[PDB]
>>> print(open('input-v8.txt').read())   # compact mmCIF, C-alpha atoms and all ligand atoms
# COMPACT_ATOMS: atom_id res chain seq x y z
CA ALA A 1 156.05 -164.94 -32.79
CA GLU A 2 154.20 -167.79 -34.50
CA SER A 3 150.74 -166.29 -33.96
CA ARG A 4 151.25 -164.85 -37.43
CA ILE A 5 148.57 -165.42 -40.04
CA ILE A 6 149.47 -167.70 -42.91
CA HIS A 7 147.42 -168.66 -45.90
CA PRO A 8 149.20 -171.36 -47.93
CA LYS A 9 149.31 -170.51 -51.63
CA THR A 10 150.23 -172.22 -54.89
CA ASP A 11 153.22 -171.09 -56.96
CA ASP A 12 150.73 -169.48 -59.34
CA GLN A 13 148.90 -167.59 -56.59
CA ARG A 14 152.18 -166.24 -55.27
CA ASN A 15 153.21 -165.25 -58.80
CA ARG A 16 150.02 -163.29 -59.31
CA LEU A 17 150.19 -162.03 -55.72
CA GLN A 18 153.65 -160.78 -56.68
CA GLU A 19 152.57 -158.90 -59.80
CA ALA A 20 149.60 -157.34 -58.04
CA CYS A 21 151.82 -156.01 -55.23
CA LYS A 22 154.84 -154.69 -57.17
CA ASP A 23 153.57 -151.10 -57.16
CA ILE A 24 151.65 -150.76 -53.89
CA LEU A 25 153.02 -147.61 -52.29
CA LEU A 26 152.19 -148.87 -48.79
CA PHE A 27 154.74 -151.72 -49.21
CA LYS A 28 157.53 -149.61 -50.67
CA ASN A 29 159.47 -149.22 -47.41
CA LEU A 30 159.27 -152.78 -46.01
CA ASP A 31 162.37 -154.91 -45.59
CA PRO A 32 162.27 -158.44 -47.15
CA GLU A 33 161.41 -159.96 -43.78
CA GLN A 34 158.36 -157.71 -43.26
CA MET A 35 157.23 -158.20 -46.86
CA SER A 36 157.27 -161.99 -46.64
CA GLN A 37 155.21 -161.87 -43.44
CA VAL A 38 152.69 -159.75 -45.33
CA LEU A 39 152.60 -162.04 -48.37
CA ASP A 40 152.00 -165.08 -46.16
CA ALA A 41 148.96 -163.44 -44.59
CA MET A 42 147.45 -162.52 -47.95
CA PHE A 43 144.34 -164.53 -48.85
CA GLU A 44 142.60 -164.55 -52.25
CA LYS A 45 139.03 -163.30 -52.62
CA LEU A 46 137.04 -163.40 -55.85
CA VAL A 47 134.39 -160.76 -56.58
CA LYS A 48 131.46 -160.26 -58.94
CA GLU A 49 130.08 -157.28 -60.83
CA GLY A 50 127.88 -155.34 -58.43
CA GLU A 51 129.44 -156.79 -55.29
CA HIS A 52 129.92 -154.28 -52.47
CA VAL A 53 133.39 -155.19 -51.23
CA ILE A 54 133.17 -152.30 -48.77
CA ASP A 55 130.20 -150.27 -47.52
CA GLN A 56 130.67 -146.81 -46.06
CA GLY A 57 130.14 -146.70 -42.31
CA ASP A 58 131.06 -150.37 -41.94
CA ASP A 59 133.86 -151.71 -39.74
CA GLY A 60 137.44 -152.03 -40.92
CA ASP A 61 138.41 -155.67 -41.32
CA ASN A 62 140.86 -156.03 -44.21
CA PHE A 63 143.15 -154.17 -46.53
CA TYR A 64 142.80 -155.02 -50.22
CA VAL A 65 145.14 -155.06 -53.20
CA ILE A 66 143.62 -155.53 -56.64
CA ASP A 67 144.59 -158.54 -58.72
CA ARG A 68 142.12 -157.76 -61.50
CA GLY A 69 138.68 -156.39 -62.27
CA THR A 70 137.30 -152.84 -62.33
CA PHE A 71 135.84 -150.96 -59.36
CA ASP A 72 133.93 -147.81 -58.50
CA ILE A 73 134.28 -145.50 -55.51
CA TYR A 74 131.20 -144.05 -53.80
CA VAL A 75 130.76 -141.41 -51.11
CA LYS A 76 127.54 -140.04 -49.63
CA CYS A 77 127.04 -136.29 -49.94
CA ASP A 78 124.27 -135.27 -47.55
CA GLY A 79 122.61 -138.64 -48.06
CA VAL A 80 123.26 -139.16 -51.77
CA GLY A 81 126.19 -141.27 -52.91
CA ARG A 82 128.17 -140.48 -56.03
CA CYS A 83 130.93 -142.19 -58.00
CA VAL A 84 133.90 -140.12 -56.87
CA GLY A 85 136.42 -142.11 -58.90
CA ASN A 86 137.47 -145.72 -59.40
CA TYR A 87 140.20 -148.37 -59.71
CA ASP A 88 141.18 -150.23 -62.87
CA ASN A 89 142.76 -153.67 -62.62
CA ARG A 90 145.28 -152.44 -60.05
CA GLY A 91 145.69 -150.47 -56.83
CA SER A 92 144.87 -150.90 -53.16
CA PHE A 93 142.07 -149.82 -50.79
CA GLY A 94 140.62 -150.30 -47.34
CA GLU A 95 143.62 -149.05 -45.39
CA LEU A 96 142.08 -146.01 -43.67
CA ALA A 97 139.81 -148.09 -41.41
CA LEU A 98 142.70 -150.21 -40.15
CA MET A 99 145.20 -147.33 -39.92
CA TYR A 100 142.89 -144.96 -38.09
CA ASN A 101 140.36 -147.32 -36.49
CA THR A 102 137.46 -145.46 -38.15
CA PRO A 103 134.41 -146.68 -40.07
CA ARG A 104 134.89 -147.46 -43.75
CA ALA A 105 134.97 -143.99 -45.31
CA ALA A 106 133.60 -145.09 -48.64
CA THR A 107 131.96 -147.81 -50.66
CA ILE A 108 133.85 -150.01 -53.09
CA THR A 109 131.94 -152.22 -55.50
CA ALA A 110 133.14 -154.34 -58.40
CA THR A 111 132.07 -152.89 -61.74
CA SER A 112 132.95 -156.22 -63.29
CA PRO A 113 134.02 -159.62 -61.99
CA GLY A 114 137.36 -159.35 -60.20
CA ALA A 115 139.83 -160.75 -57.66
CA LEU A 116 141.58 -159.34 -54.60
CA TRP A 117 144.35 -160.13 -52.15
CA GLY A 118 143.27 -159.31 -48.63
CA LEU A 119 145.25 -158.59 -45.49
CA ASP A 120 143.65 -158.88 -42.06
CA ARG A 121 143.94 -155.91 -39.74
CA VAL A 122 146.11 -157.60 -37.09
CA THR A 123 148.85 -158.18 -39.63
CA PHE A 124 148.28 -154.78 -41.21
CA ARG A 125 148.59 -152.91 -37.93
CA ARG A 126 151.40 -155.13 -36.79
CA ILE A 127 153.56 -154.39 -39.84
CA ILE A 128 152.27 -151.52 -41.98
CA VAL A 129 151.42 -149.20 -39.10
CA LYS A 130 154.74 -150.05 -37.47
CA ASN A 131 156.32 -149.25 -40.81
CA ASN A 132 154.66 -145.80 -40.75
CA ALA A 133 156.44 -145.10 -37.46
CA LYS A 134 159.70 -145.49 -39.38
CA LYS A 135 158.55 -143.39 -42.32
CA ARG A 136 157.40 -140.60 -40.04
CA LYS A 137 160.87 -140.33 -38.57
CA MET A 138 162.53 -140.24 -41.96
CA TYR A 139 160.15 -137.77 -43.60
CA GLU A 140 158.24 -135.87 -40.94
CA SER A 141 160.48 -132.79 -40.86
CA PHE A 142 160.81 -132.81 -44.65
CA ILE A 143 157.08 -133.04 -45.38
CA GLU A 144 156.45 -130.36 -42.76
CA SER A 145 158.76 -128.05 -44.70
CA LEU A 146 156.98 -128.21 -48.03
CA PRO A 147 155.35 -124.79 -48.69
CA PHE A 148 152.49 -126.10 -50.80
CA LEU A 149 151.43 -128.14 -47.78
CA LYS A 150 150.89 -125.14 -45.51
CA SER A 151 147.23 -125.13 -46.52
CA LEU A 152 146.24 -128.18 -44.47
CA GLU A 153 145.09 -128.62 -40.88
CA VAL A 154 148.09 -129.58 -38.74
CA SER A 155 146.24 -132.88 -38.32
CA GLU A 156 145.67 -133.48 -42.02
CA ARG A 157 149.34 -132.94 -42.81
CA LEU A 158 150.15 -135.74 -40.37
CA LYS A 159 148.24 -138.40 -42.30
CA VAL A 160 150.10 -137.55 -45.49
CA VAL A 161 153.23 -139.59 -44.78
CA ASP A 162 151.03 -142.50 -43.67
CA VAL A 163 150.19 -143.07 -47.32
CA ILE A 164 153.20 -141.94 -49.32
CA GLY A 165 155.65 -144.54 -50.60
CA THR A 166 159.33 -144.20 -51.50
CA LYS A 167 160.33 -144.84 -55.09
CA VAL A 168 163.99 -145.12 -56.09
CA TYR A 169 165.16 -144.45 -59.63
CA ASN A 170 168.55 -144.82 -61.29
CA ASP A 171 170.08 -142.33 -63.71
CA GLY A 172 168.41 -142.23 -67.11
CA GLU A 173 165.45 -144.11 -65.61
CA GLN A 174 162.00 -142.99 -66.73
CA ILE A 175 159.63 -141.96 -63.97
CA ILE A 176 156.56 -141.17 -66.10
CA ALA A 177 155.97 -141.14 -69.86
CA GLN A 178 154.09 -138.39 -71.62
CA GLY A 179 150.72 -139.45 -72.97
CA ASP A 180 150.29 -142.35 -70.55
CA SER A 181 147.44 -142.46 -68.08
CA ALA A 182 148.31 -141.03 -64.67
CA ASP A 183 147.54 -142.57 -61.29
CA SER A 184 150.21 -141.06 -59.09
CA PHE A 185 151.61 -137.79 -57.69
CA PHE A 186 155.36 -137.35 -57.07
CA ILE A 187 157.49 -135.25 -54.64
CA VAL A 188 161.27 -135.29 -55.16
CA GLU A 189 163.08 -136.11 -51.94
CA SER A 190 166.62 -136.49 -53.31
CA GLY A 191 168.27 -136.26 -56.69
CA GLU A 192 167.01 -134.39 -59.74
CA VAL A 193 164.15 -134.95 -62.14
CA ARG A 194 164.27 -133.77 -65.74
CA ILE A 195 160.90 -132.98 -67.30
CA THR A 196 160.80 -133.07 -71.11
CA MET A 197 158.26 -132.79 -73.94
CA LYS A 198 157.94 -134.46 -77.34
CA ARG A 199 155.58 -134.54 -80.35
CA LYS A 200 153.37 -137.25 -82.01
CA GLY A 201 155.99 -139.88 -83.01
CA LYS A 202 158.26 -142.55 -81.50
CA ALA A 203 162.55 -133.81 -77.05
CA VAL A 204 162.43 -130.34 -75.48
CA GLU A 205 163.43 -129.96 -71.81
CA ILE A 206 160.93 -127.84 -69.91
CA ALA A 207 161.80 -128.13 -66.21
CA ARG A 208 164.03 -129.59 -63.48
CA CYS A 209 162.65 -130.67 -60.12
CA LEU A 210 164.75 -130.66 -56.97
CA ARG A 211 164.15 -131.93 -53.43
CA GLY A 212 160.91 -130.35 -52.26
CA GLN A 213 159.35 -129.90 -55.71
CA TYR A 214 156.36 -131.87 -56.95
CA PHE A 215 155.37 -133.11 -60.40
CA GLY A 216 152.83 -135.35 -62.12
CA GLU A 217 149.98 -133.45 -60.45
CA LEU A 218 148.81 -131.70 -63.60
CA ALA A 219 147.17 -134.80 -65.09
CA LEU A 220 145.47 -135.55 -61.78
CA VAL A 221 143.75 -132.18 -61.61
CA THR A 222 143.01 -131.58 -65.28
CA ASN A 223 141.89 -135.19 -65.29
CA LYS A 224 144.10 -135.44 -68.38
CA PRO A 225 146.91 -137.74 -69.60
CA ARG A 226 150.64 -137.19 -68.92
CA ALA A 227 151.54 -133.81 -70.39
CA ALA A 228 155.28 -134.55 -70.25
CA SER A 229 157.85 -137.26 -69.49
CA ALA A 230 160.02 -137.34 -66.38
CA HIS A 231 163.47 -138.90 -66.14
CA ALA A 232 165.87 -139.46 -63.27
CA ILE A 233 169.18 -137.62 -63.38
CA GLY A 234 171.38 -139.78 -61.22
CA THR A 235 169.82 -141.61 -58.29
CA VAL A 236 166.44 -140.14 -57.49
CA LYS A 237 164.17 -140.78 -54.55
CA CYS A 238 160.54 -139.62 -54.77
CA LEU A 239 157.86 -139.79 -52.07
CA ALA A 240 154.71 -140.78 -54.03
CA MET A 241 150.96 -141.26 -53.51
CA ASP A 242 148.02 -142.42 -55.62
CA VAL A 243 145.33 -140.08 -56.93
CA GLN A 244 142.71 -141.25 -54.37
CA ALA A 245 145.12 -140.17 -51.68
CA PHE A 246 145.82 -136.99 -53.67
CA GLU A 247 142.19 -135.90 -53.94
CA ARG A 248 141.55 -137.07 -50.39
CA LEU A 249 144.19 -134.98 -48.66
CA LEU A 250 145.35 -132.38 -51.16
CA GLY A 251 142.05 -130.68 -52.00
CA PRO A 252 143.26 -127.67 -49.91
CA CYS A 253 146.22 -127.38 -52.30
CA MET A 254 144.52 -127.44 -55.73
CA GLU A 255 144.23 -123.63 -55.59
CA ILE A 256 147.86 -122.65 -54.95
CA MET A 257 148.54 -125.29 -57.60
CA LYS A 258 145.84 -124.49 -60.17
CA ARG A 259 147.25 -120.97 -60.00
CA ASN A 260 150.95 -121.85 -60.11
CA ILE A 261 149.87 -124.27 -62.85
CA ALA A 262 149.31 -121.23 -65.06
CA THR A 263 153.11 -121.05 -65.14
CA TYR A 264 152.94 -123.98 -67.56
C1 LIG A 301 138.69 -140.34 -55.17
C2 LIG A 301 139.21 -140.09 -53.77
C3 LIG A 301 137.99 -140.09 -52.88
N1 LIG A 301 138.25 -139.88 -51.43
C4 LIG A 301 138.36 -138.50 -50.97
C5 LIG A 301 136.91 -137.96 -50.73
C6 LIG A 301 136.58 -137.65 -49.26
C7 LIG A 301 138.33 -140.91 -50.54
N2 LIG A 301 138.10 -140.69 -49.20
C8 LIG A 301 138.16 -141.70 -48.29
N3 LIG A 301 138.46 -142.95 -48.66
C9 LIG A 301 138.72 -143.31 -49.98
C10 LIG A 301 138.65 -142.25 -50.95
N4 LIG A 301 138.94 -142.84 -52.17
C11 LIG A 301 139.16 -144.12 -51.99
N5 LIG A 301 139.04 -144.46 -50.67
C12 LIG A 301 139.25 -145.86 -50.29
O1 LIG A 301 138.05 -146.63 -49.96
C13 LIG A 301 138.32 -147.20 -48.65
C14 LIG A 301 137.11 -147.43 -47.76
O2 LIG A 301 137.67 -147.93 -46.57
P1 LIG A 301 138.62 -147.10 -45.59
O3 LIG A 301 137.96 -145.91 -45.01
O4 LIG A 301 139.03 -147.95 -44.46
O5 LIG A 301 139.76 -146.74 -46.67
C15 LIG A 301 139.29 -146.27 -47.94
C16 LIG A 301 140.21 -145.92 -49.10
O6 LIG A 301 141.27 -146.79 -49.42
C1 LIG A 302 157.37 -124.06 -66.54
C2 LIG A 302 157.30 -125.17 -67.55
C3 LIG A 302 155.82 -125.38 -67.78
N1 LIG A 302 155.48 -126.44 -68.74
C4 LIG A 302 155.83 -126.21 -70.16
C5 LIG A 302 154.68 -125.43 -70.87
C6 LIG A 302 154.14 -126.10 -72.13
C7 LIG A 302 154.93 -127.62 -68.37
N2 LIG A 302 153.90 -128.18 -69.09
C8 LIG A 302 153.33 -129.36 -68.75
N3 LIG A 302 153.77 -130.04 -67.68
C9 LIG A 302 154.81 -129.59 -66.86
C10 LIG A 302 155.41 -128.33 -67.21
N4 LIG A 302 156.40 -128.10 -66.26
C11 LIG A 302 156.42 -129.09 -65.41
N5 LIG A 302 155.47 -130.03 -65.73
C12 LIG A 302 155.35 -131.23 -64.91
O1 LIG A 302 155.66 -132.47 -65.61
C13 LIG A 302 154.55 -133.35 -65.33
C14 LIG A 302 154.25 -134.36 -66.41
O2 LIG A 302 153.13 -135.04 -65.86
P1 LIG A 302 151.70 -134.38 -65.64
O3 LIG A 302 151.14 -133.90 -66.93
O4 LIG A 302 150.76 -135.37 -65.04
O5 LIG A 302 152.17 -133.19 -64.67
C15 LIG A 302 153.33 -132.48 -65.09
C16 LIG A 302 153.96 -131.36 -64.28
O6 LIG A 302 154.09 -131.56 -62.89
>>> encode(input="input-v8.txt", output="structure tokens", more="lines below")
Ligand SMILES: CCCN(CCC)c1ncnc2c1ncn2[C@@H]1O[C@@H]2COP(=O)(O)O[C@H]2[C@H]1O
Ligand SMILES: CCCN(CCC)c1ncnc2c1ncn2[C@@H]1O[C@@H]2COP(=O)(O)O[C@H]2[C@H]1O
Amino acid sequence: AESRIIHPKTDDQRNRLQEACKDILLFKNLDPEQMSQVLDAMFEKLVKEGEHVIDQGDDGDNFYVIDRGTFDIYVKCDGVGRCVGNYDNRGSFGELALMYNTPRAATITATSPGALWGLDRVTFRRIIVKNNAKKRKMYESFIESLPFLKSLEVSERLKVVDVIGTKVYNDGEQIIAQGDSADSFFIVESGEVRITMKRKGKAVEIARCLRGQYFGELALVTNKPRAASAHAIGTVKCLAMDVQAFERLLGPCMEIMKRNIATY
């Protein structure tokens, strides 16, 4: 079809568009064809400190990917809204409205001047939601066999795959580095992950994660930095998700985790 949306861009815009998108979990499973359709529909939108890019309750129009600038996340608790987190010069938001045809479930506002790459909902539903149909096949059984995910309404566990993204790693490849700031949760799908620990300089092995085992969740809960490095042992495939997604769907897991986290 030629009813596709296309926003002509300069070589520079595409370059930046490219950097901004390299790590967006929602694009991880798209073939080159699907990705280029997406990129063509991306439009640039500048923002200013204080600007309410999204207001809770509003209608879902676009999906956003951050090019730069800081942001704050706000939710209303009984009528009072609080900063429940934030984004820092990278990440994506505004997908829930388009995926589930529901009102914006939060408020996003620039906490400094920024820029964004938006994606209309027609394109988003046409390609990303289609993409989720594929991901569900591939990982529905698997995800539904992960013990730590028993504590979730049958319905909640369904929306999990909708926001995970597949990351491939070669042998010897670093997945996360101890110390670094954390913005993602991992779940080994295939291969093996070696977890090691070091000391203040420039390495003791402390665990091995196999298909079905998660890691990188400690720093998300303790709101602390990476407490250990992770490396791929041979080809590894992890099903990942950002913290916002983590806290949004995994709250019902923090217990069985916080407890089993004592085993650290
Ligand atoms: C820190 C996680 C906070 N939680 C969970 C609390 C209920 C969130 N709960 C719901 N939506 C969130 C959350 N965080 C970011 N968004 C993003 O803010 C967006 C607002 O538009 P949306 O509902 O279409 O999609 C949303 C998400 O990408
Ligand atoms: C049973 C070994 C327990 N220990 C060693 C005790 C000091 C651990 N101590 C600290 N982190 C561990 C440990 N095991 C796995 N991780 C995982 O390795 C991850 C490193 O990133 P993270 O800190 O965000 O979350 C971590 C855990 O999922």
>>> residues_around(input="input-v8.txt", residues="residue A:191", least_positions_apart="5", cutoff="10 Å", atoms="all atoms listed in the file", output="PDB file with C-alpha atoms, keeping the file's coordinate frame")
ATOM      1  CA  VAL A 168     163.990-145.120 -56.090  1.00  0.00           C
ATOM      2  CA  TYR A 169     165.160-144.450 -59.630  1.00  0.00           C
ATOM      3  CA  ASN A 170     168.550-144.820 -61.290  1.00  0.00           C
ATOM      4  CA  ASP A 171     170.080-142.330 -63.710  1.00  0.00           C
ATOM      5  CA  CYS A 209     162.650-130.670 -60.120  1.00  0.00           C
ATOM      6  CA  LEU A 210     164.750-130.660 -56.970  1.00  0.00           C
ATOM      7  CA  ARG A 211     164.150-131.930 -53.430  1.00  0.00           C
ATOM      8  CA  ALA A 232     165.870-139.460 -63.270  1.00  0.00           C
ATOM      9  CA  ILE A 233     169.180-137.620 -63.380  1.00  0.00           C
ATOM     10  CA  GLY A 234     171.380-139.780 -61.220  1.00  0.00           C
ATOM     11  CA  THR A 235     169.820-141.610 -58.290  1.00  0.00           C
ATOM     12  CA  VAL A 236     166.440-140.140 -57.490  1.00  0.00           C
ATOM     13  CA  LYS A 237     164.170-140.780 -54.550  1.00  0.00           C
ATOM     14  CA  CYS A 238     160.540-139.620 -54.770  1.00  0.00           C
TER      15      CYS A 238
END
>>> closest_residue(input="input-v8.txt", among="A:179, A:251, A:94, A:212", to="ligand LIG 302 (chain A)", atoms="only C-alpha atoms and all ligand atoms")
A:179
>>> residues_around(input="input-v8.txt", residues="stretch 95-104 of chain A", least_positions_apart="2", cutoff="10 Å", atoms="only C-alpha atoms", output="VMD selection string")
chain A and resid 26 54 to 65 92 to 93 106 to 108 119 to 122 124 to 125 128 to 129 132 159 162 to 163
>>> closest_residue(input="input-v8.txt", among="A:118, A:69, A:32, A:85", to="residue A:5", atoms="all atoms listed in the file")
A:118
>>> closest_residue(input="input-v8.txt", among="A:176, A:249, A:219, A:39", to="ligand LIG 302 (chain A)", atoms="all atoms listed in the file")
A:219
>>> residues_near_ligand(input="input-v8.txt", ligand="ligand LIG 302 (chain A)", cutoff="12 Å", atoms="all atoms listed in the file", output="PyMOL selection string")
chain A and resi 174-188+193-199+204-210+213-231+243+257-258+260-264
